[PDB]
Amino acid sequence: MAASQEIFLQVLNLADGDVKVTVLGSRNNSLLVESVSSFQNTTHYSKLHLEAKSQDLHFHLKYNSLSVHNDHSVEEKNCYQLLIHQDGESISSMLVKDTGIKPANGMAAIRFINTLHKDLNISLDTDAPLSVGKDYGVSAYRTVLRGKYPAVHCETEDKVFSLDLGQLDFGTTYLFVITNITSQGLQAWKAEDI
């Protein structure tokens, strides 16, 4: 997907307010400047130019008055998702690498990020459950039949929930961030890999 000394970056802002993102290179060079709204539901990707085949980029995040600096290592020819999340009264970021999954006739592919304090097991299919670890753990990708997933089984050490993953389309790789437990049950934010 991405070329030499190049990356694609998708910013997911899971904070309660807007965040201004400033990605910097090895010499105060602004590789990306973008403000993303709280749960901005966009399938938009930014191409970033690197100085080498591998680089540590500096992510400058602005949220309310607060400023947070996070470093994240990237590599050429790759696509990433920057998950900006709440860190108390402040915010923090995580960089998730995307695997390129060639479309499989009749199939979609899925992956989860667990923001809960308890580990999770998701029943997507007739095989093994999909494990997704507590405190921003990342699940494996699972190739699933295309279709509607209105009540996917989730379970912690002590409860079992339902998630509405909605329609999962062929030729699409999804990312689901398990945000909170409301009165209505478990909540999941849907995003699409590039």
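X-ray crystallography is the method the PDB entry lists for this structure, together with a resolution of 2.84 Å.

(A) Inspection of the overall build of the protein chain at higher detail. On a plain count of helices and strands, the protein chain comes out with zero helices and 19 strands. For 194 residues, the compact-globule estimate of 2.2 N^0.38 gives 16 Å, and the protein chain sits close to it at 17 Å. Each of the three principal axes of the protein chain carries a C-alpha extent, and together these read 50 × 40 × 25 Å. The buried share of the protein chain, reckoned over its 194 residues, is 47%. In the protein chain, once contacts between residues fewer than 6 apart in sequence are set aside, the share between residues at least 24 apart is 54%. Charge separation in the protein chain, taken as the distance between the mean sites of 16 positive and 23 negative side-chain charges, equals 6 Å.

(B) Summary view of the nonpolar core. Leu-9, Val-21, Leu-61 and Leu-82 are the most contacted members of the largest nonpolar core, which totals 22 residues. At the level of elements, β1 (6-13), β2 (19-24), β3 (30-36), β5 (54-63), β6 (66-75), β7 (78-87) and β8 (90-98) are the ones that each hand at least two residues to this core. Core analysis: the next-biggest nonpolar cluster, separate from the first, contains 21 residues, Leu-130, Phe-161, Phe-176 and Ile-178 among them.

(C) Layout of the pattern of salt bridges. What the rule picks out here adds up to seven salt bridges. The partner of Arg-27 in a salt bridge is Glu-51, with the nearest N and O atoms 3.3 Å apart. On the criterion of sequence distance, the pair formed by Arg-27 in the loop between β2 and β3 and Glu-51 in the loop between β4 (46-49) and β5 is long-range, its members being 24 residues apart. The class for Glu-51 is partly exposed, based on a relative accessible area of 28%. The shortest N-O distance in the salt bridge between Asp-119 and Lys-134 comes to 3.3 Å. One end of the pair, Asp-119, is in the loop between β9 (107-114) and β10 (120-123); the other, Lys-134, is in the loop between β11 (130-132) and β12 (137-138), and 15 residues separate them in sequence. On the basis of relative accessibility, which here comes to 41%, the residue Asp-119 falls in the partly exposed class. Overall, the relative accessible area of 40% leaves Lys-134 in the partly exposed class.

(D) Expanded view of the sheet that holds β4. Taking strand neighbours across the sheet as the criterion, the four strands line up as β4-β1-β7-β8 in an open arrangement whose pairing is mixed. Because the sheet does not close on itself, it has two edges, and the strands there are β4 and β8. Within this sheet the neighbouring strands show an average axis-to-axis angle of 30 degrees, counted without direction. Looking at chain direction, β7 and β8 are connected through nine bridges and run antiparallel. Looking across to β8, one finds that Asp-87 is bridged to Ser-90.

Analysis parameters
- Residues numbered from 1 in each chain as written, not as in the entry; some residues may be left out.
- Heavy atoms only, no water.
- Helix = DSSP H or I, 4+ residues; strand = E, 2+ residues; numbered from the N terminus.
- Rg over C-alpha atoms; globule rule 2.2 N^0.38 Å.
- Buried < 20%, exposed > 50% of the residue type's maximum accessible area, 1.4 Å probe, protein only.
- Contact = heavy atoms within 4.5 Å.
- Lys, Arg positive; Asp, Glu negative; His and termini not counted.
- Charge placed at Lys NZ, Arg CZ, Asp CG, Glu CD.
- Core = buried A, V, L, I, M, F, W, Y, C linked by side-chain atoms within 4.5 Å.
- Salt bridge = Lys/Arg side-chain N within 4 Å of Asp/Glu carboxyl O.
- Pairing = 2+ DSSP bridges.
- Axes fitted to C-alpha atoms, helices over the stretch in contact; angles between N-to-C directions.

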